[PDB]
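Colleague: With full-length UniProt numbering applied, the sequence shown covers 3 to 413, 419 to 456, 468 to 498.
After the structure tokens below, expect a handful of questions from me.
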Amino acid sequence: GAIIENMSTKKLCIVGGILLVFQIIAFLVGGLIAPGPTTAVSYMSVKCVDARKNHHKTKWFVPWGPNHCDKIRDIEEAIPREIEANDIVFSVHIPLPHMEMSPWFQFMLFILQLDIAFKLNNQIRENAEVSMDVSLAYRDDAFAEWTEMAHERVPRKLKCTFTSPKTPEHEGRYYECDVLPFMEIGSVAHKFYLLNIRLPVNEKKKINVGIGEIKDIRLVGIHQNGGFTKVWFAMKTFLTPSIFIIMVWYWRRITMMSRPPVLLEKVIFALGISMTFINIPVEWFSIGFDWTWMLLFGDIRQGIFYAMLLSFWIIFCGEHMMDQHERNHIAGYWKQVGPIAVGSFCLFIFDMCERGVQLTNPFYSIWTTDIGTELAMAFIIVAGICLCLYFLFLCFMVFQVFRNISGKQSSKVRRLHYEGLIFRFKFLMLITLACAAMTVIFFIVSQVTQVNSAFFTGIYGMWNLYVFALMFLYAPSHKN
Numbered sequence: 003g004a005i006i007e008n009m010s011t012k013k014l015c016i017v018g019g020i021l022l023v024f025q026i027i028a029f030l031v032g033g034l035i036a037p038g039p040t041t042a043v044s045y046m047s048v049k050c051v052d053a054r055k056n057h058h059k060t061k062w063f064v065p066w067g068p069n070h071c072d073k074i075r076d077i078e079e080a081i082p083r084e085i086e087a088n089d090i091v092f093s094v095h096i097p098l099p100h101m102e103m104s105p106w107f108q109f110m111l112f113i114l115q116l117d118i119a120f121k122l123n124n125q126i127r128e129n130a131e132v133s134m135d136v137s138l139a140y141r142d143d144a145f146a147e148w149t150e151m152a153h154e155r156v157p158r159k160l161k162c163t164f165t166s167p168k169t170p171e172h173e174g175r176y177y178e179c180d181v182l183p184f185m186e187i188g189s190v191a192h193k194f195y196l197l198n199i200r201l202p203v204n205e206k207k208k209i210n211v212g213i214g215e216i217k218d219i220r221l222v223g224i225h226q227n228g229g230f231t232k233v234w235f236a237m238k239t240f241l242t243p244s245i246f247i248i249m250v251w252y253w254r255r256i257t258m259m260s261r262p263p264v265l266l267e268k269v270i271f272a273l274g275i276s277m278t279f280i281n282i283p284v285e286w287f288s289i290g291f292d293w294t295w296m297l298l299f300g301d302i303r304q305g306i307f308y309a310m311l312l313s314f315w316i317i318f319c320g321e322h323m324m325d326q327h328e329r330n331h332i333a334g335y336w337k338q339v340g341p342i343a344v345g346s347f348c349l350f351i352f353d354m355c356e357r358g359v360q361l362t363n364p365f366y367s368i369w370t371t372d373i374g375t376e377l378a379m380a381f382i383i384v385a386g387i388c389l390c391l392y393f394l395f396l397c398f399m400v401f402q403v404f405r406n407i408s409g410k411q412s413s419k420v421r422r423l424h425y426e427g428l429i430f431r432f433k434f435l436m437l438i439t440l441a442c443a444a445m446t447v448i449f450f451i452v453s454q455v456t468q469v470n471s472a473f474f475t476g477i478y479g480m481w482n483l484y485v486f487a488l489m490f491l492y493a494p495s496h497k498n
């Protein structure tokens, strides 16, 4: 006597309506509060020069404020000053004047933009490479000392092409050539960050040679909106107790039953507990504490939740097969489920490994070592094709289930009861395919993101509401 088979349609439709109302408000809160999760911002570098006195001990340089460096007006002004290579250092004080960085901005993304002046004297080498010397620092008090975060060599190949002709009337115009994936930071913890870049030249070690005249460098930054992060955290801390309440209701009601439960009522509970496992607001630590690995843990949680869900759809749909079906244990369905769980983990493995390795090298990326870029594109394509094939396989399963249940009907309480159960199945199954399609779209979109709309909030609400509806529907009913 579950809900789905005892409950009257009058009881059903009000619950459906209120749940859909929750889904719609969870959709539109993203558009309301923060219509766009990532804040794009651009910092122009300041061209400092040093006194050539800091060889054994390195020294930081600040663009503006007190004790700010001396700034070369242009790369030609250095010549009357007789400035030599390696005297020039680029500087980017990350926060703009009269504001600060906030821990609410969870992560930081940086890509370089290069302004290299064309001249016939410095034609770009066919495999020209900028062997940049980069260092980073962080600070919390406006009068504190800069503390080192990273100081390493970072290679980068120029993928680069100037269209306009080489005639010297066209010199000085910049090469049109590309942005470069520069840096990822796992988490934000400090008010001020400083970044200093040098490009030492050495014809012996073949570093920064034939790269053209680098006029200026420009840094483009992306970080999560202060609005979106707060609302996301608030929605998760809202949804966690609600799902736990519905889960305890479900499990208490199930445990009240006289007879033991079948595979289905166990797999739905597994879905619920995994959904809570992702739901719990563990990430609220990031604002109050310096923990850094949490950004990888979110990807771990999403991978595990996907592993639960993609198996759940097949098991739930598969269990609606009735002829000579209804096994006692996963040995009857490990045939299908087995690689699905492994595959679901495999979707995020590359992104998770990137997140891991960026804690030892923030400048590491898959998009360097260009074979890395082409294999990343190949990975995106195979993941897409495999997930679409899984969606097709689920659609085939639904098709076969629809084929099958024609027999039970074709082979006044019976008239309304059986037809109502059939209608319940039909609506639930249609909801299932719709949610699966939206989940596939979500995976692809989360991998590609130019979406400017915050539909993430709505689709997460959709997952919560769907799992909620399942536990609500499959619990035993109050005695009539």
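Every residue gets a Cβ at the ideal spot worked out from N, C-alpha and C, and that includes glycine.
(1) Cα separation between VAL233 and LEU273?
(2) For the structure I just gave you, are there three or more beta carbon pairs, one from the region 285-302 and one from the region 350-359, closer than 8 Å?
(3) Where DSSP assigns a beta bridge to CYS319, which residues make up the other side?
(4) Which runs of the alpha helix (DSSP H) at least 4 residues long sit entirely within the UniProt region "Interaction with Wnt proteins" (101-232)? Give them in chain order.
(5) Are the region 110-124 and the region 211-226 touching by the rule of at least three beta carbon pairs closer than 8 Å?
(6) Output the residue ranges of the alpha helix (DSSP H) runs that lie fully inside the region 8-81 and measure 4 residues or longer, sorted by chain position.
(7) Suppose you measure from the CA of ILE20 to the CA of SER276; what does that come to, to the nearest Å?
(8) Would you give the residue range spanned by the beta strand (DSSP E) that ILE90 belongs to?
(9) Who are the near neighbours of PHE194 in its chain, counting only those whose CB is closer than 6 Å to its CB and skipping five residues on each side?
(10) Can you name the start and end residues of the alpha helix (DSSP H) that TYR425 belongs to?
(11) Just tell me which of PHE449, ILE373 and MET110 has its CA closest to the CA of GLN226.
(12) On the DSSP letters alone, give me the boundaries of the alpha helix (DSSP H) that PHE365 sits inside.
(13) Quick check: the region 120-128 against the region 162-177, are there 3 or more CB pairs under 8 Å?
(14) Rounded to whole angstroms, what's the CA-CA distance from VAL284 to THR239? Just pull it up for me.
(15) Rounded to whole angstroms, what is the Cα-Cα separation between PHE287 and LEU34?
(16) Given a threshold of 16 other Cβ atoms within 10 Å of its Cβ, counted over all protein chains shown, does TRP62 qualify as buried or as exposed?
(17) Would you say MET489 and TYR177 are within 9 Å of each other, going by their C-beta atoms?
(18) Can you tell me whether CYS390 is buried or exposed? The criterion is at least 16 other CB atoms within 10 Å of its CB, across all chains shown.
(19) Between the C-alpha atoms of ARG127 and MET310, what's the straight-line distance to the nearest angstrom?
(20) Nearest to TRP481 by alpha carbon, out of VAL203, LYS13, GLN304 and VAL51?
(21) State the DSSP-derived secondary structure class of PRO99, mapped to helix, strand or coil.
(22) Determine, using beta carbons only, whether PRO99 and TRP148 come nearer to each other than 9 Å.
(23) Measure how close the beta-carbons of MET323 and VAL264 come, nearest whole angstrom, since I'm counting them as under 8 Å.
(24) Once the 5 residues before and after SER166 are set aside, which same chain residues still bring their CB inside 7 Å of it?
(25) Whose CA, out of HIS424, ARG422 and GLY345, lies closest to the CA of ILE387?
(26) Ignore the nearest five residues each way along the sequence and tell me which others in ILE6's own chain have a CB closer than 7 Å to its CB.
(27) If you compare alpha carbons, which of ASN69, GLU154, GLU186 and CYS319 is closest to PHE398?
(28) Nearest to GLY3 by alpha carbon, out of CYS162, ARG255 and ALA80?
(29) In whole angstroms, what is the alpha-carbon distance linking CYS179 and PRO157?
(30) Where does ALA309 fall in DSSP's three states?
(31) Which term fits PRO364, buried or exposed, when burial requires 16 or more other beta carbons within 10 angstroms of its beta carbon?
(32) Nearest by alpha-carbon distance to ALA380: which of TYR392, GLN454, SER313 and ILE27 is it?
(33) What residues in its chain sit with their C-beta under 8 Å from that of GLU205, if we drop five residues either side in the sequence?
(34) Counting only the same chain and skipping the five closest in sequence on each side, list residues whose C-beta sits under 8 Å from that of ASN498.
(35) Taking Cβ positions, are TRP106 and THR231 nearer each other than 9 Å?
(36) What would DSSP say about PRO243, mapped onto helix, strand or coil?
Modeller: The structure says:
(1) 25 Å
(2) yes
(3) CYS319 is not bridged to any residue.
(4) none
(5) yes
(6) 11-35
(7) 24 Å
(8) 90-95
(9) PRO97 and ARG141
(10) 420-455
(11) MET110
(12) Premise fails: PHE365 is in no alpha helix (DSSP H) and is neither H nor E.
(13) yes
(14) 9 Å
(15) 26 Å
(16) buried
(17) no
(18) exposed
(19) 51 Å
(20) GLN304
(21) coil
(22) no
(23) The Cβ separation is near 14 Å, so there is no contact.
(24) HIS172 and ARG175
(25) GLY345
(26) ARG431, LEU491 and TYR492
(27) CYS319
(28) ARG255
(29) 17 Å
(30) helix
(31) buried
(32) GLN454
(33) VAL211
(34) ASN8
(35) yes
(36) helix
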